[PDB]
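S.K.: Please read through the structure below; I'll follow up with questions.
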Amino acid sequence: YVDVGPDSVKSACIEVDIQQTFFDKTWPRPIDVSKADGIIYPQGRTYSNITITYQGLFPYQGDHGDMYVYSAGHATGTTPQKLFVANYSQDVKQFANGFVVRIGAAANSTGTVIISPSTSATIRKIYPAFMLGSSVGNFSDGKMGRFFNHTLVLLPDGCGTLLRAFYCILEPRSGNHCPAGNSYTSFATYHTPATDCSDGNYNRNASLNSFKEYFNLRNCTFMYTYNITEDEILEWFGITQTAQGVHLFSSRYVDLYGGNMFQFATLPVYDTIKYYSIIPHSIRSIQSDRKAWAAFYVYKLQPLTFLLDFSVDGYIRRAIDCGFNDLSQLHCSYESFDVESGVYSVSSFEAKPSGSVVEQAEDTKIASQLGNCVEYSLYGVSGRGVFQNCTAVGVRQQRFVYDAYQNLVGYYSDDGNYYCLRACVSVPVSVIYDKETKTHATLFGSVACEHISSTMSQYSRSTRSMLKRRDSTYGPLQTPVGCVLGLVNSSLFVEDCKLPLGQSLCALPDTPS
Amino acid sequence: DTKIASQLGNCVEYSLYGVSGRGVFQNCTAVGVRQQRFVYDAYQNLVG
């Protein structure tokens, strides 16, 4: 196995007190895909200033992320005391095709100390620590997140210039406040800047040793280290896993300023990751010497279709999340960032089915539900639709009434009633776009505004929120063509808007640019 | 294995780290992101 060096000498662990309520903050950071936020650059290829479609793992455009903040622990007077940390050790997540993170975003600004927030200390970048593995479970004290067999460990040591990676078995310790002891609270790691991080000799074992104080390193199959340098700039990092092993990505090695991720490193581990957690960390800084740290964010990767706007230098500068909006769908369908003005049909709303209705004499509450849009099963015949009580048509005894295209028109039930079956009402959608003002509006067809609402139970794709920035302040408007949003009854008479809606209606622009 | 690692401009068969094809090479101004090596067009032909 790997030469881990010495085991920890001290038996007892420094006590960890959970101060999680101090860390409740709301500094959300939605992905800006038009700035290429979170974009992982394509593997093994480059391009010129051409725009292409691409398929790969990406963050959702609407994702605000999960936010975590590291802080200094307890100290008083001129000395360190007990650790005062967030409850992040309990935050076990289901791994889901990798994730990406944003680091140091609030650098070159000020924040608060959090645990003693009234100080209003300036904030600086701090690097995250992580644990990944195939299985989790309870600690001996019932605490969440004990990892089993071998686990991945990612920790910076001391100052941000050194990163270490491990694949090893963790061993619980029987000391005071330690994982096999009965005084255990929560695992955490720490850095002690008063003696660590010396300017002529940064403590390259600092955080690993504080890690070792809670978990012994046994059976270690992989260890790697990486060289980093200090910089206040925002950084991107990510993790994915394939049959080739874990892949590590970063912006730092290649694209420090644009922020596109590149294939920084890979790992030999072929064990599939099922679970992921963040290792909580704290600083053992002296009470007067406290320094606040910039917020840290995590976003999940997803198998999505995107436009990518490559620069003349091969860098991705803009991107479009194709499924995010109806407007985004049009940009992807024409492969462009500058679609011509017009009225365009887009994907329709489905309906969204309710609870199932089942009849099958041979389990007891919903044998009927007269009129909605439900899934059903009728003696092994299945489908979905709206039932309505109506006048008898076909020969009862044979039950199922069909049309010439073999669709179930109706049903004679075991209550003696004939029910008409009309499937469900999908709602067609089109959007009005003007390129010159870069504004838009929508039309729902002849369905009528009685069935339209500010949020929808019916579902197609993601959201219509780009319209709703103005259109959630208005009612739907009934017109002769259809129900619309954002259209305003001006009652003007205009010869030609170049955006006719049919009949005699016309979608006039707000006064041109 | 050691004599024709380059031949600047004719019409040659080539192999570049397992990528193969044939064509004329010409020394020209840099375009794509170096590190990724292979520059492609929208139809996935090796531009450079």
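FYI the Cβ positions are ideal-geometry reconstructions off the backbone, even for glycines, and counts take in every protein chain you see. Only the coordinates and a few stated rules stand behind these numbers; no lab work does.
S.K.: Among the residues of segment A:392-404, are any surrounded by fewer than 19 Cβ atoms within 10 Å (Cβ to Cβ), of a type outside the set (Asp, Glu) and not in a loop (DSSP other than H, G, I, E, B)? Before you say what the answer is, go through the steps one by one.
M.R.: Quick first cut of segment A:392-404, residues surrounded by fewer than 19 Cβ atoms within 10 Å (Cβ to Cβ) only: A:392-400, A:402-404.
Retained after the next criterion (residues that are of a type outside the set (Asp, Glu)): A:392-400, A:402, A:404.
Adding the requirement that they be not in a loop (DSSP other than H, G, I, E, B) leaves A:400, A:402.
The answer is yes, given that some residue of segment A:392-404 is surrounded by fewer than 19 Cβ atoms within 10 Å (Cβ to Cβ), of a type outside the set (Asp, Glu) and not in a loop (DSSP other than H, G, I, E, B).
S.K.: Do you know which residues across segment B:23-48 are under 9 Å from the mean Cα position of the chain (by Cα), within 9 Å of another protein chain (Cβ to nearest Cβ) and not in a loop (DSSP other than H, G, I, E, B)?
M.R.: B:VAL39
S.K.: Residues of segment A:45-56 being more than 27 Å from A:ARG461 (Cβ to Cβ) and surrounded by fewer than 16 Cβ atoms within 10 Å (Cβ to Cβ), which ones? Step through it out loud before you land on a result.
M.R.: Applying the first criterion (more than 27 Å from A:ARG461 (Cβ to Cβ)) to segment A:45-56 yields A:45-49.
Answer for segment A:45-56, where residues must be more than 27 Å from A:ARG461 (Cβ to Cβ) and surrounded by fewer than 16 Cβ atoms within 10 Å (Cβ to Cβ): just A:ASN49.
S.K.: While we're looking at this one, here's another question. Among (1) surrounded by fewer than 20 Cβ atoms within 10 Å (Cβ to Cβ); (2) closer than 30 Å to A:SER48 by Cβ; (3) aliphatic (A, V, I, L, M), there is one condition A:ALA367 misses while meeting the rest; what is its number?
M.R.: Condition (2) is where A:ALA367 drops out.
S.K.: Let me ask you something else. Go through segment A:49-67 and give me each residue that's aromatic (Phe, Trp, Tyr) and either assigned to a loop (DSSP other than H, G, I, E, B) or in contact with a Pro (Cβ under 7 Å, 6 or more places away or on another chain) (or both).
M.R.: Looking only at segment A:49-67, we keep the residues that are aromatic (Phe, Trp, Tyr), and these are A:54, A:58, A:60.
Answer for segment A:49-67, where residues must be aromatic (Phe, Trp, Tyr) and either assigned to a loop (DSSP other than H, G, I, E, B) or in contact with a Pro (Cβ under 7 Å, 6 or more places away or on another chain) (or both): A:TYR54, A:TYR60.
S.K.: Considering only segment A:180-197, how many residues are assigned to a loop (DSSP other than H, G, I, E, B) and either of a type in the set (A, V, I, L, M, F, W, C) or under 32 Å from the mean Cα position of the chain (by Cα) (or both)?
M.R.: Pass one, segment A:180-197, residues assigned to a loop (DSSP other than H, G, I, E, B): A:180-188, A:192-197.
Restricting the remaining residues to those that are either of a type in the set (A, V, I, L, M, F, W, C) or under 32 Å from the mean Cα position of the chain (by Cα) (or both) gives A:180, A:185-188, A:194, A:197.
Adding up the residues that qualify gives 7.
S.K.: Determine which member of the set A:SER251, A:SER282, A:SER288 is among the polar types (S, T, N, Q) and in contact with an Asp or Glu (Cβ under 8 Å, 6 or more places away or on another chain).
M.R.: Working: A:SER282 fails: in contact with an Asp or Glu (Cβ under 8 Å, 6 or more places away or on another chain); A:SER288 fails: in contact with an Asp or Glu (Cβ under 8 Å, 6 or more places away or on another chain).
Among A:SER251, A:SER282, A:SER288, only A:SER251 is among the polar types (S, T, N, Q) and in contact with an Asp or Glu (Cβ under 8 Å, 6 or more places away or on another chain).
S.K.: Also: Name the one entry in A:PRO30, A:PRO59, A:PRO42 that is under 30 Å from A:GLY314 (Cβ atoms), in contact with a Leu (Cβ under 7 Å, 6 or more places away or on another chain) and surrounded by 14 or more Cβ atoms within 10 Å (Cβ to Cβ). Steps first, answer last, please.
M.R.: Numbers: A:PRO30 fails: in contact with a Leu (Cβ under 7 Å, 6 or more places away or on another chain); A:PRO42 fails: in contact with a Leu (Cβ under 7 Å, 6 or more places away or on another chain).
Residue meeting the stated conditions: A:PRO59.
S.K.: Moving on. Only residues that are closer than 20 Å to A:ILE18 by Cα and either exposed (fewer than 15 other Cβ atoms within 10 Å of the Cβ) or within 14 Å of another protein chain (Cβ to nearest Cβ) (or both): list them for segment A:62-76, please.
M.R.: Of segment A:62-76, the ones closer than 20 Å to A:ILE18 by Cα are A:66-76.
Answer for segment A:62-76, where residues must be closer than 20 Å to A:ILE18 by Cα and either exposed (fewer than 15 other Cβ atoms within 10 Å of the Cβ) or within 14 Å of another protein chain (Cβ to nearest Cβ) (or both): just A:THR76.
S.K.: May I ask you to list pairs of residues, at least six apart or on different chains, whose Cβ atoms are under 9 Å apart, with the first in segment A:433-456 being closer than 14 Å to A:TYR474 by Cα and the second being surrounded by 16 or more Cβ atoms within 10 Å (Cβ to Cβ) and small (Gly, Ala, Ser)?
M.R.: Final answer for the pair search is A:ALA441/A:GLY486; A:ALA441/A:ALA507; A:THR442/A:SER430; A:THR442/A:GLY486; A:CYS449/A:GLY482.
S.K.: Residues of segment A:8-22 being touching a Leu at 6+ places or on another chain (Cβ under 8 Å) and in a strand (DSSP E or B), which ones? Walk me through how you get there before you give the answer.
M.R.: If we filter segment A:8-22 for residues that are touching a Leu at 6+ places or on another chain (Cβ under 8 Å), which is where we start, we get A:14-17.
Passing the criteria: A:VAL16, A:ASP17.
S.K.: Given the options A:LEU327, A:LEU307, name the one that is within 14 Å of another protein chain (Cβ to nearest Cβ) and either closer than 29 Å to A:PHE130 by Cα or in contact with a strand residue (DSSP E or B) (Cβ under 9 Å, 6 or more places away or on another chain) (or both). Walk me through it before giving the result.
M.R.: Values: A:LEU327 fails: within 14 Å of another protein chain (Cβ to nearest Cβ).
Residue meeting the stated conditions: A:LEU307.
S.K.: Could I ask something else about it? Residues in segment A:77-86: is at least one farther than 20 Å from A:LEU132 by Cα, part of a loop (DSSP other than H, G, I, E, B), within 14 Å of chain B (Cβ to nearest Cβ) and of a type outside the set (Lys, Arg)? Even if it seems obvious, please write down each step before you answer.
M.R.: Step one: filter segment A:77-86 for residues farther than 20 Å from A:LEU132 by Cα, giving A:77-85.
Filter once more, keeping what is part of a loop (DSSP other than H, G, I, E, B): A:77-78, A:81-82.
Checking the rest, the ones that are also within 14 Å of chain B (Cβ to nearest Cβ) come to none.
There is no residue in segment A:77-86 that is farther than 20 Å from A:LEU132 by Cα, part of a loop (DSSP other than H, G, I, E, B), within 14 Å of chain B (Cβ to nearest Cβ) and of a type outside the set (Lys, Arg).
S.K.: Now a separate question. Restricting attention to segment A:448-459, which residues are out of contact with any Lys or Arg (no Cβ under 9 Å at 6 or more places or on another chain) and crowded, with 17+ Cβ neighbours inside 10 Å?
M.R.: Keep residues of segment A:448-459 that are out of contact with any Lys or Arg (no Cβ under 9 Å at 6 or more places or on another chain), which gives A:448-453.
Passing the criteria: only A:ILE452.
S.K.: Take the residues of segment A:460-483 that are of a type in the set (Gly, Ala, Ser) and touching an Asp or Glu at 6+ places or on another chain (Cβ under 9 Å): which is surrounded by the most Cβ atoms within 10 Å (Cβ to Cβ)? Walk me through how you get there before you give the answer.
M.R.: Step one: of segment A:460-483, the residues of a type in the set (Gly, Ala, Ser) are A:460, A:462, A:465, A:472, A:475, A:482.
The next check asks that each one be touching an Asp or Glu at 6+ places or on another chain (Cβ under 9 Å); those that pass are A:460, A:462.
On the way: A:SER460: 19, A:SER462: 17.
So, considering only residues that are of a type in the set (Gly, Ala, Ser) and touching an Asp or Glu at 6+ places or on another chain (Cβ under 9 Å), the one surrounded by the most Cβ atoms within 10 Å (Cβ to Cβ) is A:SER460.
S.K.: How about segment A:335-348: which of its residues are more than 27 Å from the chain's Cα centre (by Cα) and not in a strand (DSSP E or B)?
M.R.: Initially, segment A:335-348 is screened for residues more than 27 Å from the chain's Cα centre (by Cα), giving A:338-345.
A:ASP338, A:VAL339, A:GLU340, A:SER341, listed by residue number.
S.K.: (1) buried (at least 18 other Cβ atoms within 10 Å of the Cβ); (2) under 22 Å from the mean Cα position of the chain (by Cα); (3) within 14 Å of another protein chain (Cβ to nearest Cβ): which one isn't true of A:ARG317, the others all being true?
M.R.: Going through the list (1) buried (at least 18 other Cβ atoms within 10 Å of the Cβ); (2) under 22 Å from the mean Cα position of the chain (by Cα); (3) within 14 Å of another protein chain (Cβ to nearest Cβ), A:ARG317 breaks only (1).
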